[PDB]
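Novice: This is the structure alone, sequence omitted:
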């Protein structure tokens, strides 16, 4: 959870980026299911997307 | 050994992408020390990169 906070502080640090709400929910969900559903690679893969 | 062969075969099925000596050496480093120094994911990050 703290890492999630850091992730969305990394997001919230780039205001020039218009991360819609939907992509933010996607990221939230991808974090919520770490190592039970998807490893981190799918998370940072979408961030990089 | 077989997996590194397989990895490079899959790598090599698309010869078109430019591989630096550094990227290949990185792949060698990752494959050589799997589960003793780093997980296989570190390979997948760089390939998808």
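Specialist: Received it, and whenever you're ready, just let me know what you need. Residues are numbered from 1 along each chain as shown, chains lettered A, B, ... in the order given.
Novice: Am I right that residue A:31 is in contact with residue A:5?
Specialist: No - between residue A:31 and residue A:5 there is no contact under Cβ atoms under 8 Å: 10.0 Å. Any C-beta I mention is one placed from the backbone N, CA and C, and that applies to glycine too.
Novice: So the two - more neighbours on which side?
Specialist: Comparing residue A:31 with residue A:5 by other Cβ atoms under 10 Å in any protein chain shown, the one with more neighbours is residue A:31, at 17 against 11.
Novice: do stretch A:2-17 and chain B meet at all?
Specialist: No - using Cβ under 8 Å from any Cβ of the partner chain, stretch A:2-17 never reaches chain B; the gap is at least 16.0 Å.
Novice: What residues of that stretch count as buried?
Specialist: residue A:7 (16 or more other Cβ atoms under 10 Å in any protein chain shown).
Novice: what does it rub up against?
Specialist: The contact list for stretch A:2-17 (Cβ atoms under 8 Å, 6 or more residues apart in numbering or on different chains) reads A:19, A:24, A:27, A:28, A:31, A:32, A:43, A:47.
Novice: one more time with 10 Å, if that's ok
Specialist: Applying Cβ atoms under 10 Å, 6 or more residues apart in numbering or on different chains, the external contacts of stretch A:2-17 come out as A:19, A:23-24, A:27-28, A:30-32, A:34, A:40, A:43-44, A:47.
Novice: Neighbours of residue A:40, how many?
Specialist: Neighbours of residue A:40 under the rule other Cβ under 10 Å: 15.
Novice: Quick check: bridge partners of the closest residue to it other than its chain neighbours?
Specialist: Nearest residue to residue A:40 in three dimensions, chain neighbours excluded: residue A:34, at 6.5 Å (Cβ to Cβ, 6 or more residues apart in numbering or on different chains). Beta-bridge partners recorded for residue A:34 (DSSP bridges): residue A:38.
Novice: Stretch A:42-49 near chain B anywhere?
Specialist: Yes - applying Cβ under 10 Å from any Cβ of the partner chain, one finds stretch A:42-49 in contact with chain B at A:42, A:44, A:45, A:48, A:49.
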